[PDB]
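Below is one structure, written out as structure tokens; the observations come after it.
2 protein chains.
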Amino acid sequence: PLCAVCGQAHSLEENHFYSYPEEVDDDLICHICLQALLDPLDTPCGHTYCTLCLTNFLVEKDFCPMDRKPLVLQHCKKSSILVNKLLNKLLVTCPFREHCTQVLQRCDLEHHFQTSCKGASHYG
Amino acid sequence: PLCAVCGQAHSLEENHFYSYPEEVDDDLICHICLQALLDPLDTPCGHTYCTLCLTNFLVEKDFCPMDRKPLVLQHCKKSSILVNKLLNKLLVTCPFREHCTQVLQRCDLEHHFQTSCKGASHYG
Ligand SMILES: [Zn+2]
Ligand SMILES: [Zn+2]
Ligand SMILES: [Zn+2]
Ligand SMILES: [Zn+2]
Ligand SMILES: [Zn+2]
Ligand SMILES: [Zn+2]
Ligand SMILES: [Zn+2]
Ligand SMILES: [Zn+2]
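If you're matching them up, the sequences are chains A and B in order. Mapping the first sequence onto the UniProt record's numbering, position 11 (from 1) lands on 22, and the numbers just tick up by one. Mapping the second sequence onto the UniProt record's numbering, position 45 (from 1) lands on 56, and the numbers just tick up by one.
Right, here's the structure in full:
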């Protein structure tokens, strides 16, 4: 099932997926999934993971992956505006590569699909 | 009075000061002092400022500078490990320019003074 937000085939239970043409800073990479952070969540111990990744992690485990300190989801908090701004401006390559060559900021890919991507218009 | 940590002339009531040879991302700049963040503090509304800057700001004002939402210091929290890692690796130029040309990561300047700076050894 092709996602209308990121243009990749993934389930409703999985993260959005992106292809980054310029390398992403290792400090913006989620330690659970090894992709650039999406919907970042902070732990009380100061670590940061994708919301979906930490949520799924804590169903079958009960510690922070980075320091093994006990951890529960309800004391985690969405990351700051600053962190979201740094992630939103990461460059991504449109996944409809047979129709489109567009590189743009990650926060703008959905809009690109809705307005001016020949791939999204075609679909497959 | 020359600071042993940053090598600049400033009082105990003022921030550390640095010269950045490569431009710093605007999203890492403190909106109060307009320098790259030092000892970053997050507000409940998700904004980030230097600890010293927000502390001094809130003595004579009682709102978040970015959104004018009422704000008190005691509900602010130190920024995440991620944010600190991004700031620590910013490049700075040794301030003892008549003795030394060293560029290094901001978190390593103090150590440079203590071990291998001809400026710091000389002082003035
Ligand atoms: Zn998606
Ligand atoms: Zn993740
Ligand atoms: Zn942790
Ligand atoms: Zn496209
Ligand atoms: Zn100083
Ligand atoms: Zn400041
Ligand atoms: Zn605010
Ligand atoms: Zn030096």
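Just so you know, even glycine gets a beta-carbon here, dropped at the ideal spot from N, CA and C.
Please find out if some non-hydrogen atom of ligand 4 comes closer than 7 Å to the beta-carbon of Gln46/A.
In the first sequence, the residue the question calls residue 46/A occupies position 35. Flag unset: Cβ of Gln46/A not near ligand 4.
Notebook entry, point to check: If you draw a straight line from the C-alpha of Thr59/B to the C-alpha of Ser91/A, how long is it?
Noted result: Numbered from 1 along the second sequence, position 48 holds the residue referred to as residue 59/B. Numbered from 1 along the first sequence, position 80 holds the residue referred to as residue 91/A. Going from the Cα of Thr59/B to the Cα of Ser91/A covers about 8 Å.
Worksheet entry | Outcome for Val94/A when other beta-carbon atoms lying within 10 angstroms are tallied against a minimum of 16 | Taking the first sequence and counting its residues from 1, the one referred to as residue 94/A is at position 83. Under this definition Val94/A is a buried residue.
Hey, how far is the Cα of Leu65/B from the Cα of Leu84/B?
Within the second sequence, the letter at position 54 stands for residue 65/B. Within the second sequence, the letter at position 73 stands for residue 84/B. For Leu65/B and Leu84/B, the distance between alpha carbons rounds to 8 Å.
- request: Could you tell me which of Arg117/B, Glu109/B, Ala15/B sits nearest to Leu97/B, measuring between CA atoms?
  value: By 1-based counting over the second sequence, the position of residue 97/B is 86. Among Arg117/B, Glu109/B, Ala15/B, the Cα nearest to that of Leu97/B belongs to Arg117/B.
Residues of chain B with CB under 8 Å from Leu65/A, in chain order? Stepping through the first sequence from its first residue, residue 65/A is reached at position 54. In chain order: nothing, as chain B lies at least about 13 Å away.
Closer than 7 Å at the beta carbon, the chain A residues around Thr59/B
Here residue 59/B refers to the residue found at position 48 of the second sequence. Chain A residues near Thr59/B: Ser91, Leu93.
For this session: Specify the secondary structure class of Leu101/A as computed by DSSP and reduced to three states.
Result: Locating residue 101/A in the first sequence gives position 90, where the first residue counts as 1. The answer is coil: DSSP assigns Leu101/A none of H, G, I, E or B.
Quiz item: What are the uninterrupted segments assigned as beta strand (DSSP E) that are 3 or more residues long and contained completely in the stretch 17–96 of chain B, given in chain order?
Solution: 51–53, 59–61
With 16 other CB atoms within 10 Å as the buried threshold, where does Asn99/B fall? Locating residue 99/B in the second sequence gives position 88, where the first residue counts as 1. Exposed.
| What residue does the beta strand (DSSP E) around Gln125/B start on, and which one ends it? | Sequence index remark: in the second sequence, residue 125/B carries index 114 (1-based). Segment 120–126 is the alpha helix (DSSP H) holding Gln125/B; no beta strand (DSSP E) there.
Exposed or buried, which one is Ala131/A when buried takes at least 16 other CB atoms within 10 Å?
By one-based count along the first sequence, residue 131/A stands at place 120. By the 10 Å Cβ count, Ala131/A comes out buried.
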